[PDB]
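Report on one structure; see the data block that follows.
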Amino acid sequence: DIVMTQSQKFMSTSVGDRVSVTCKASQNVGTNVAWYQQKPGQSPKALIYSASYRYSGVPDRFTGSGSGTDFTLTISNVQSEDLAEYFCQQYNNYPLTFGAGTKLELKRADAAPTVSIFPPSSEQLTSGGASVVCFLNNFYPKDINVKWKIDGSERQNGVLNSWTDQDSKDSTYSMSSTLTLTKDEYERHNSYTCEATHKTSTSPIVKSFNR
Amino acid sequence: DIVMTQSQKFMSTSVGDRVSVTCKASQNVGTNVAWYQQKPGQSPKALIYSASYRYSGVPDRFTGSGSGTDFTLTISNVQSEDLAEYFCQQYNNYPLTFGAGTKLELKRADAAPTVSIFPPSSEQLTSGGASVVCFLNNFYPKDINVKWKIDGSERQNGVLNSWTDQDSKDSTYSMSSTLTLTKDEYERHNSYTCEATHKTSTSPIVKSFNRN
Amino acid sequence: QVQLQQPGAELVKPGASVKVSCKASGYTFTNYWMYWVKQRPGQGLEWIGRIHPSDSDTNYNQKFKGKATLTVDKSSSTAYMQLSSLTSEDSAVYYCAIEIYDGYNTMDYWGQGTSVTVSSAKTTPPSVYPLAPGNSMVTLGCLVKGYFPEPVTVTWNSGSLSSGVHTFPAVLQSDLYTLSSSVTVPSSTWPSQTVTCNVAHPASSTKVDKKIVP
Amino acid sequence: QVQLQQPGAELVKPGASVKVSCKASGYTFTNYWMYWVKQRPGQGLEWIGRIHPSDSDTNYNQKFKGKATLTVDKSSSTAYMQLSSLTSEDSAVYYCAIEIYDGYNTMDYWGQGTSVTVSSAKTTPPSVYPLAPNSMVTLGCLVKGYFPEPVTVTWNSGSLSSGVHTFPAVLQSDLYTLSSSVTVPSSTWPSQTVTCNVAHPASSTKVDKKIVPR
């Protein structure tokens, strides 16, 4: 089958700037090339058909060029809501083949995380388990470290972390860290602590609660 | 990525008997599993495809079974020629992933090593170096200890030891030990001894030569 | 309006078969090709095939020749895709899509996508726990713990609260998913006004509205 | 006859690039997928990717996504695997392989494998030394101080195979060294010529060393 290679897996830019993603076909597909946009958790949205024609409703900021093998999608006046994955596809020869996709990344200034800690709810304690949750919201860059302490001693088991994609409004990142223990173990100790370490951190961000 | 976990790193039998190696897949792969045989110094050789079907030229002694997550490769009438490392593989999901590999071993009676010593060749002596080579061929088990003695003093440096895999003919092992000195050191001493300690004898096997 | 209705999720045992439906409404079912796209978690898009509902003419991709079988029911304007002998490679999201050119504009229409999870585990509804704090802004949370399979939809105040929300991707542990969601509102909003975490798990027919009570 | 021809070894400096070739003959080049496999010294087998020479359709392993690039040249029936920004981890033997099912049997064909060594050291050809001394007599051959891998050792151009032990190469102070012994009847040596044939493709070296009684 025809291979549609998207050389760059990511494309970094700033809001208001213009970005260009390239897509090269292994064989001549003329202008039978389409571009798609997929935002997280959503179905793909068709942007371009016939290599250069926009689908109805697609803003004029999305332009496509190329004929034969080399094709390029260009996004002018890039918005924070433009954060998505962009695929190229050929429909000149069957089977139809998609590109590997290019993720749009937005650059911005650094930002410290806002850290909030939450003890296990009374509803969960009636279930036998206990989950302590720490939110680290609206920080940049995405690299961050979280350390859980139980009565001043570091705890590593039972910690599950999850990172959001870049926020579609301010291009920052967020992370949730959940420490899950049994209700008996959660009641064997008193002080619970999550420590956030970031590039902006001159000292760890420590949020704690006392059972 | 699907993980293929072979339970054993080594499987052991005697000549004529049968072995089996199991492979565990992290997720279901149905029957799209292959098995490979790789002898030392050779490219892999495909034995099984579709978990149970053999490639052309593979004897019926190689039998594959299994479906889903548990797969087994059985070799009956095992011979010394079958000594190799055997790999499982899944081609049901991308990326294709192999197993870690299981090396076949063969049990056999003990065998004392045949020891041969060789002084430095005149060709190497023109280069300024001097290597004494000791061959320890066709012994079992593979465990063996070799010491070098120069006029009675033990030299445990400048020694290069190499072990063969289990022999494809008699299932024995072989060792090569090379002591390398400069030509000056070589001519500064007379007696050169290769001492071999093996299970087959409480006394070490001693091969020596006097430069004199 | 033109719509393509797919179910949210489908849990299927390894080796079994499922039929993903795509009910079309608002247009002439037999006038446009119905495309099918598979997307595995984390990976991109791949084309399965297309079928014209007028005469059921099909164009398959070889990778899914014996795996995917496309049919249509013209009496109900519904397109079906049959997947056989399911392995882990078939655990993905499956979209149905059409493209309509009316002589003036070209519009694409996609179903929501059916998440097919081929596994032997059992359905499990989520436990929705509130996260309330013990400044001019206040951060509330919602813990959606121990459900299977994917996905769940989390909203705040039935979608009326969309700014300041962070919904975190689910993490799998021992065949049970767990995610969380935070929302930041003015201190004049909470606890003076109700803030509710709405969780929906269509795989278990679960809809839980958990209020954040101080 | 079906053949896959690979070069013996490629010495590439850290950070540079190398392109391994796989010349196919005896069959229709464009009819079968061309697979590539990596095997680090003393490690298992790893799948790199496959390419179909008909239209250069490729399926890459994500681990080698940016590292390996597979191409074909149909005017020469040659497949190529390019490796970029080489590191010590990329030092391994790289096999090309195909699978042919003719409607009756399924056969596999493998190249010999190319030993790619990533190192700043230069090529060194081996110094071959004769090892000369009942009913049997043991002779030997010392293949000392070469770089990089590999070397091949035969006795009497392959006519002398039984009673041969060729010991694996050991790296010691930036250079490889191996030896090989042969045991023959006492009436064969020194009555007849016994020749150790050493080949080192990385340096275009072929040395025939007679085991002269002296």
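Order of the sequence lines sets the chain letters (A, B, ...), proteins ahead of strands, with each chain counted from 1. Below, all heavy atoms of this structure are taken into account, side chains as well, without hydrogens, waters or symmetry copies.
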For [X], is it the side chain, the backbone, both, or neither that has a heavy atom closer than 4.5 Å to a heavy atom of chain A?
{"X": "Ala132(C)", "result": "backbone"}
{"X": "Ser115(C)", "result": "neither"}
{"X": "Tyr35(C)", "result": "side chain"}

* Are side-chain heavy atoms of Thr180(A) and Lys145(C) found at a separation under 4.5 Å? ->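 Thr180(A) vs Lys145(C): side chains touch.
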
* Asked: Under a 4.5 Å cut-off applied to non-hydrogen side-chain atoms, are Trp110(C) and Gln42(A) in contact?
  ->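 No, side chains not in contact.
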
* Determine whether the side chains of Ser182(C) and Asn137(A) contain a donor N or O and an acceptor N or O closer than 3.5 Å. =>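 Checked: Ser182(C)/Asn137(A) side chains pair up, N/O donor to acceptor below 3.5 Å.
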
Can you see which heavy atom on [X] is nearest to which on [Y], and at what distance?
{"X": "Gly141(C)", "Y": "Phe135(A)", "result": "CA-CE1, 3.9 Å"}
{"X": "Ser176(A)", "Y": "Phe168(C)", "result": "N-CE2, 3.4 Å"}
{"X": "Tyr55(A)", "Y": "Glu99(C)", "result": "OH-OE1, 2.8 Å"}
{"X": "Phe87(A)", "Y": "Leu45(C)", "result": "CD1-CD1, 3.6 Å"}
{"X": "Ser162(A)", "Y": "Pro169(C)", "result": "OG-O, 2.7 Å"}

Residues, nucleotides or ligands: over 12 heavy atoms within 6.0 Å of [X] [atom1]:
{"X": "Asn190(A)", "atom1": "CG", "answer": "yes"}
{"X": "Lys147(A)", "atom1": "NZ", "answer": "yes"}
{"X": "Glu154(A)", "atom1": "CD", "answer": "yes"}

What part of [X] gets within 4.5 angstrom of chain C, counting heavy atoms only: side chain, backbone, both, or neither?
{"X": "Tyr49(A)", "answer": "side chain"}
{"X": "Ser127(A)", "answer": "side chain"}
{"X": "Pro44(A)", "answer": "both"}
{"X": "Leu96(A)", "answer": "both"}
{"X": "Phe209(A)", "answer": "neither"}

Heavy-atom pairs under 4.5 Å with chain A - which of [options] has more of them than the others?
{"options": "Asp108(C), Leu143(C), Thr139(C)", "result": "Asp108(C)"}
{"options": "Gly49(C), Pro130(C), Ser180(C)", "result": "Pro130(C)"}
{"options": "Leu131(C), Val93(C), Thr184(C), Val128(C)", "result": "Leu131(C)"}

* Output the residues of residues 187-203 of chain C for which the shortest heavy-atom distance to chain A is under 4.5 Å, in residue-number order; output 'none' if no such residue exists. =>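 Within residues 187-203 of chain C, near chain A: nothing under 4.5 Å.
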
* Asked: So which residues of residues 160-167 of chain C are in contact with chain A at a heavy-atom cut-off of under 4.5 Å?
  ->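 Checking residues 160-167 of chain C against chain A gives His166(C), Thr167(C).
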
* **side-chain hydrogen bond (donor to acceptor under 3.5 Å, both in side chains) against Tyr129(C), all qualifying residues, sequence neighbours excluded** =>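 Expected list: none.
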
* To do: Could you check which of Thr114(A), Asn138(A), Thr97(A), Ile117(A) has the highest count of heavy-atom pairs closer than 4.5 Å to chain C?
  =>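 Most heavy-atom pairs within the cutoff with chain C belong to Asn138(A).
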
* Asked: Sequence neighbours excluded, which residues qualify as side chain to side chain contact (heavy atoms under 4.5 Å, CB included) partners of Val159(A)?
  ->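 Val159(A) satisfies side chain to side chain contact (heavy atoms under 4.5 Å, CB included) with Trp148(A), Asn161(A), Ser177(A), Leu179(A) once adjacent residues are dropped.
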
